[PDB]
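> What follows is a single structure, and I will ask about it in a moment.
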Amino acid sequence: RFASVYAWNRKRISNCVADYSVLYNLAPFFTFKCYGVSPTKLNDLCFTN
Amino acid sequence: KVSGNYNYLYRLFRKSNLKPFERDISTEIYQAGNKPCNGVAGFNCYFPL
Amino acid sequence: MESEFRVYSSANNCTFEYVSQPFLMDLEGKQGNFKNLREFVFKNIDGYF
Ligand SMILES: *[C@@H]1O[C@H](CO)[C@@H](O[C@@H]2O[C@H](CO)[C@@H](O)[C@H](O)[C@H]2NC(C)=O)[C@H](O)[C@H]1NC(C)=O
Ligand SMILES: *[C@@H]1O[C@H](CO)[C@@H](O)[C@H](O)[C@H]1NC(C)=O
Numbered sequence: 346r347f348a349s350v351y352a353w354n355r356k357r358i359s360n361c362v363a364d365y366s367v368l369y370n371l372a373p374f375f376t377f378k379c380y381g382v383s384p385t386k387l388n389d390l391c392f393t394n
Numbered sequence: 444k445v446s447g448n449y450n451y452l453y454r455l456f457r458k459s460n461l462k463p464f465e466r467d468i469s470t471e472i473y474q475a476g477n478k479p480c481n482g483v484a485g486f487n488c489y490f491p492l
Numbered sequence: 153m154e155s156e157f158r159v160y161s162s163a164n165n166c167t168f169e170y171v172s173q174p175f176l177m178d179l180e181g182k183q184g185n186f187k188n189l190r191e192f193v194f195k196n197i198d199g200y201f
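As structure tokens, then:
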């Protein structure tokens, strides 16, 4: 349980290593949407945070 | 138009990169997993163009 | 005689039609030393047939 739309709970842009491969390819997907970068391409864009 | 030129259709996904000077006409609901999601919608089962 | 002019039962919007003079045909043919010998090779590169 996190906060509402006025004070949306943000994990800061700071220094943890993740994995875009298995995290983006879960089974229960009902609504996924991306504007600037296509939803089919998420792995090959990464920085320090 | 002020109502929007909603006539030209773009693509955003394919199974593999196509060789040049090639065109396709077919539009099929995508399957991107072990489950044969033919259907009308589902996990990465979207309209092509 | 050649019946069934439309060997396809149905045709959608056709992208291109071409009609020209036929190849070097030979009417009938003598048994032994047949005049007709078709030697065709079909190649494609990058759309060129
Ligand atoms: C021409 O059509 C064939 C289908 O017969 C395409 O081949 C498919 O390519 C995808 C790409 O990942 C494969 O997943 C399919 O398994 C292939 N089909 C078969 C039957 O093997 C081919 O890609 C098409 N040509 C172009 C340039 O797209
Ligand atoms: C053959 O050519 C004639 C052109 O005079 C055309 O009208 C006809 O439809 C053609 N038939 C086939 C089977 O292609």
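Protein chains in written order, with full-length UniProt numbering: chain U, 346 to 394; chain S, 444 to 492; chain F, 153 to 201.
No residue lacks a Cβ here, since even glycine has one placed at the ideal position from N, Cα and C.
Thinking just about the alpha-carbon of each residue, which of U/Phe375, U/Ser383, U/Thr376 and U/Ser366 is nearest to the one in S/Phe456?
Here residue 456 of chain S is taken as the residue at index 13 of the second sequence, counted from 1. The residue with the shortest Cα to Cα distance from S/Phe456 is U/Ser383.
> What is the DSSP secondary structure of F/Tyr200, counted as helix, strand or coil?
By one-based count along the third sequence, residue 200 of chain F stands at place 48. Three-state DSSP puts F/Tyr200 in a strand.
> Taking a cut-off of 7 Å, which residues have a beta-carbon closer than that to any heavy atom of ligand 2, in chain order?
F/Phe157 and F/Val171
> Do we get a CB-CB distance below 8 Å when we pair U/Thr385 with the residues of chain S?
To locate residue 385 of chain U, count along the first sequence from 1; it is residue 40. Interface residue, yes.
> Please classify F/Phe157 as buried or exposed, where buried requires at least 16 other C-beta atoms within 10 Å of its C-beta.
Counting from 1 along the third sequence, the entry for residue 157 of chain F is found at position 5. Classification for F/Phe157: exposed.
> Could you check whether the Cβ of S/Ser459 sits closer than 7 Å to any heavy atom belonging to ligand 1?
Within the second sequence, residue 459 of chain S is the residue found at index 16, counting from 1. Under cutoff, so the answer is yes.
> Would S/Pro491 and S/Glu465 be called neighbours here (beta carbons separated by less than 8 Å)?
Counting from one through the second sequence, the residue named residue 491 of chain S turns up at place 48. Counting from one through the second sequence, the residue named residue 465 of chain S turns up at place 22. Cβ atoms of S/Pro491 and S/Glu465: not closer than 8 Å.
> Am I right that U/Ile358 and U/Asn388 are in contact with their C-beta atoms under 8 Å? What's the rounded C-beta distance?
Position 13 of the first sequence, counting from 1, holds the residue named residue 358 of chain U. Position 43 of the first sequence, counting from 1, holds the residue named residue 388 of chain U. So it is not a contact: roughly 19 Å between Cβ atoms.
> At a CB-CB cut-off below 7 Å, which residues of chain F make contact with S/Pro463?
As a first step, residue 463 of chain S is located in the second sequence; it is residue number 20 there, counting from the start. Under the 7 Å cutoff, chain F gives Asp198.
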